[PDB]
Amino acid sequence: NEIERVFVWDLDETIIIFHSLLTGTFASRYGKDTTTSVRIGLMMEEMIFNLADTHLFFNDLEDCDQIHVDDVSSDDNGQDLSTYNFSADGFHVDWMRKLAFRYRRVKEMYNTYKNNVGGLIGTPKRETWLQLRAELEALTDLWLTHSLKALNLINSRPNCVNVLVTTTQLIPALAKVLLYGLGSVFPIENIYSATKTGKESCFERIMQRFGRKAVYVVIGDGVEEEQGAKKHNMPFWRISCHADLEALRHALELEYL
Ligand SMILES: O=C(N/N=C/c1ccc(Sc2ccccn2)o1)c1cccc(F)c1
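If you want it as structure tokens, here you go:
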């Protein structure tokens, strides 16, 4: 694209793969009730799969772990499949054509229901989650709410864009981004799933797309991408603490990024 700055996000360990929730380590680190945190994480993981299994063809695409939604865009005989019954087909060159049908359908539901999730999963299944969010953000001090301020401050920039790089399979990552509210700030074409190939392959897959005329900045938590972002001359912005986000937003408000 014509974007000048690219912000790569690694929201695992905090948002996408919040494995600190189920392990109970989050409650130990931050002095919260362990049992309450585990219950909220297990319910979230259910609401996600109940959304993915009933709308994004999870059970079909569990092993067919692609890396980008447009990865198999070559084999799609582009046709109006509004009547195509996915439950009654030879699914279990002719298979890749059937496989691409689902990814285009996944994209259609994504781009349609990212600001209307009650239309995808009917209400009150959205009201149940909005209740689930506040119950968790009361433990994380509105971490997802805080991170969206930095995401919208970048999405609102015409020269800047933000992309997502997680290690989950693409479909669950799309389900989490859809529910959690990150759909407005992460375009579906800017979400990469480093499941089988590692984050380095995804980082290299990005720079070939946005070119050498762009300024790449990596925002994440951990060290797995620390060397992965250093070996590609991408400045790493740690994001562990809460003040790290206020400073990040501060550094964004003053055009330092
Ligand atoms: O909020 C979400 N995560 N937060 C994570 C995380 C880790 C560390 C911190 S900072 C902090 C400050 C004080 C007390 C506790 N934490 O936040 C979340 C994630 C996914 C879905 C959702 F709906 C919500």
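Numbering-wise, the sequence shown is residues 265 to 356, 374 to 538 according to the authors' numbering. Yeah, the Cβ is synthetic: ideal placement off N, Cα and C, and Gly gets one too.
Item to check | For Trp376 and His427, the rounded distance between their alpha carbons | outcome: Residue 427 sits at position 146 when you count from the first residue of the sequence shown. Residue 376 sits at position 95 when you count from the first residue of the sequence shown. Their backbone Cα atoms lie some 43 Å apart in a straight line.
Checklist entry - Helix or strand or just coil, what does DSSP make of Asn471? => result The sequence position of residue 471 within the sequence shown is 190, counting from 1. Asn471: helix per DSSP, three-state reduction.
Next on the checklist: Whether or not the segment 324-343 and the segment 397-407 are in contact is what I'm after, with contact meaning three or more pairs of Cβ atoms, one per stretch, closer than 8 Å; do they touch?
Outcome noted: no
Next on the checklist: If you measure between the beta carbons of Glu506 and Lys480, is that distance less than 7 Å?
Outcome noted: What you label residue 506 is simply residue 225 of the sequence shown in a count that begins at 1. What you label residue 480 is simply residue 199 of the sequence shown in a count that begins at 1. Yes, the pair counts as a contact, with Cβ atoms nearer than the cut-off.
Item to check | Three-state secondary structure assigned by DSSP to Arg493 | outcome: Against the sequence shown, residue 493 aligns to sequence position 212. Here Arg493 sits in coil by DSSP.
Item to check | Identified DSSP bridge partners for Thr447 | outcome: Numbered from its first residue, the sequence shown carries residue 447 at position 166. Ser474.
Checklist entry - Would you say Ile452 and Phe322 are within 7 Å of each other, going by their C-beta atoms? => result On the sequence shown, residue 452 is found 171 positions in, with the first residue counted as 1. On the sequence shown, residue 322 is found 58 positions in, with the first residue counted as 1. Contact flag set, yes.
Next on the checklist: Would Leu320 and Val387 be called neighbours here (beta carbons separated by less than 7 Å)?
Outcome noted: Counting from 1 along the sequence shown, the entry for residue 320 is found at position 56. Counting from 1 along the sequence shown, the entry for residue 387 is found at position 106. The answer is yes: Cβ separation under 7 Å.
Next on the checklist: Taking 7 Å as the limit between beta carbons, can you name the residues of its chain near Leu401, skipping five residues before and five after?
Outcome noted: Here residue 401 refers to the residue found at position 120 when the sequence shown is read from its first residue. Only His319, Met390 and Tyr394 meet the Cβ criterion.
Next on the checklist: Output needed for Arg486: all residues of its chain with C-beta closer than 6 Å, excluding positions within five of it in sequence on either side, in chain order.
Outcome noted: Start at 1 with the first residue of the sequence shown, and residue 486 comes out as number 205. Nothing meets the Cβ criterion.
Checklist entry - Since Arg269 sits in a beta bridge, which residues does DSSP pair it with? => result Working through the sequence shown from its first residue, we reach residue 269 at position 5. Beta-bridge pairing links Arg269 to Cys441 and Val496.
Next on the checklist: Cutting at 6 Å between CB atoms, please list the residues of its own chain near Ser521, excluding the five before and the five after it.
Outcome noted: By one-based count along the sequence shown, residue 521 stands at place 240. The answer, listed in chain order, is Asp502.
Checklist entry - How about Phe282: is its Cβ closer than 6 Å to a heavy atom in ligand 1? => result Along the sequence shown, one-based indexing puts residue 282 at 18. Answer for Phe282: yes, Cβ within range of ligand 1.
Item to check | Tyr294 beta carbon near ligand 1 (any heavy atom closer than 6 Å) | outcome: Taking the first residue of the sequence shown as position 1, residue 294 is located at position 30. Within the cutoff, so yes.
Next on the checklist: Suppose contacts are defined by Cβ-Cβ distances below 7 Å. Is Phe271 in contact with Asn443 by that definition?
Outcome noted: Within the sequence shown, residue 271 is the residue found at index 7, counting from 1. Within the sequence shown, residue 443 is the residue found at index 162, counting from 1. For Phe271 and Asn443, yes; Cβs fall inside 7 Å.
Next on the checklist: With a threshold of 6 Å (Cβ to nearest heavy atom), would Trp424 be considered close to ligand 1?
Outcome noted: As a working note, residue 424 is residue 143 in the sequence shown. At least one heavy atom of ligand 1 is nearer than 6 Å to the Cβ of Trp424, so yes.
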